[PDB]
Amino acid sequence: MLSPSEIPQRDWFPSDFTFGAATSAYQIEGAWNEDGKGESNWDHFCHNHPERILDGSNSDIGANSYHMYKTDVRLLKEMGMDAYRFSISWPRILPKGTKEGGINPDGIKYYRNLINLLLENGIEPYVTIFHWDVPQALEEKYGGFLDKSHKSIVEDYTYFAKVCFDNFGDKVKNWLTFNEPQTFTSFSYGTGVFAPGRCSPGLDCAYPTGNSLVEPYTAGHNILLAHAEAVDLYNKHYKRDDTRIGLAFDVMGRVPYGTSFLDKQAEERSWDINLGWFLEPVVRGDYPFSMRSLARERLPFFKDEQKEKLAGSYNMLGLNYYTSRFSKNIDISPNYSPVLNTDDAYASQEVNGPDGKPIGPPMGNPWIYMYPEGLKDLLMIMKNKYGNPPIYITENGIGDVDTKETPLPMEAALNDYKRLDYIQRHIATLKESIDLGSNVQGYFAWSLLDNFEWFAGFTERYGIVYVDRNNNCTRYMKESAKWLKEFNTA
């Protein structure tokens, strides 16, 4: 428990610093088939394979923010947030996913109203163009980001970005092309736990007929090409002195398992395959050496024209930080054979150190362990190794477990002191990091709202605002939310 002289204060951090909360379309919008919205990959996945989501639920309603957005802004204003990060639904804007299919007027209106309302209350909008919701039409036509032609998906995504620039560019000054490329590719086509549900034969997912060692890279390579085409388009027709564009990386901190230098090497291969995978190409135009040396031919190459577009394609970078892991070395030998794309790093990511203890206290769900130190390590790598570009912690928080056999009574849910302590500790390390020369610019608490947690369904509540599903999704502030309120209000 933090002492008083230790609780973050707003006068720490300059006036520029922005504080806000974040959400993602499919996770909170609901109205999956209303006002012309086209079906998405997740609509498709949840409806055809509820056994694949922990509690057999879907997000046909989610937090119902499509109809309750006005309330969301109200809560944001009341908390005194500076910004709000949300994503746009590709299929709600382009039902068929293509330029051919046409632009859905109702989709444009919804985001238009939200953006205007946000700005009216002094809340700066940070827009995530793509947050895993792929138009099923594009998925059936060519597998989406699996597009073997590496063209279709790029042209389509680009247009989708264009439409967004065309209708929201005048009000939006902060764009994020993609969210968590690594999580998306590794989970959708590696362990098949996400959206499509594909994985290598022998593995356990809905469609075990893919190749966990190849598809994640194929998809990731297309995303990168798409990113480039998009930023090139943004900089040539929409960029303004006061507007910025980038993308957000998912990343866990990596600490050497033991004292051996072999683990130090394992740690580096880990940062490389998790963060470097997508970060290095947007900064220098190619993948990390370790990956090219290990994944070999399974990692596509970029033409020279592509290398140019990629390198330096951002004005800011988003970082989604939740935990860390101990990286333990795995030697190269004729025995060991990678199974998942992530095993190409020749290192196991342990939760418990050699002393049998967890890297940090368990926050409740099956993977979040508190280790704010890891967020400092990350900010120092961005500063000393990667040009120290503007950083935004676009995601950070924990998920309070709430199941059938172990229901979370509302009163407990609102007294999320564990979440409060977590948020505060990380905010503090940013103040530390800034003084250490980090170029961090803002912090977004992940989940303004309790919502659909992908394959976890509604078994976890990540919001700072509670959402009562038993009474038409009416929201209530938790202590974390209340603390954030006085923090921005003091």
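Counting begins at 1, following the sequence as shown.
Student: Out of 94-102 and 244-252, which one has CA B-factors that are higher on average in the deposited record?
Tutor: Higher mean C-alpha B-factor in the PDB entry: 94-102.
Student: Take the C-alpha B-factors listed in the entry for 159-167 and for 385-393, compute each mean, and give the stretch with the larger one.
Tutor: It is 159-167 that shows the higher mean C-alpha B-factor.
Student: From 24, 474, 480, 9, can you pick the one with the highest C-alpha B factor in the entry?
Tutor: Going by the entry's C-alpha B-factors, 474 comes out highest.
Student: Specify which of 410, 76, 224, 351 carries the largest Cα B factor in the deposited PDB entry.
Tutor: Across 410, 76, 224, 351, the entry lists the biggest C-alpha B-factor for 410.
Student: Is residue 462 in the lowest, middle or highest third of its chain when residues are ranked by C-alpha B-factor?
Tutor: Lowest third - that is where residue 462 ends up once the chain's C-alpha B-factors are sorted.
Student: For residue 232, does the deposited CA B-factor place it in the lowest, middle or highest third of the chain?
Tutor: Highest third of the chain for residue 232's C-alpha B-factor.
Student: Quick check on the deposited entry: does the C-alpha B-factor of residue 275 sit in the lowest, middle or highest third of its chain?
Tutor: Lowest third of the chain for residue 275's C-alpha B-factor.
Student: Within this chain's modelled residues, let me know which third the CA B factor of residue 438 belongs to: lowest, middle or highest.
Tutor: Middle third, going by the recorded CA B-factors of the chain.
Student: For residue 60, return the chain-relative third of its C-alpha B-factor as stated in the PDB record: lowest, middle or highest.
Tutor: According to the entry, residue 60 has a C-alpha B-factor in the chain's lowest third.
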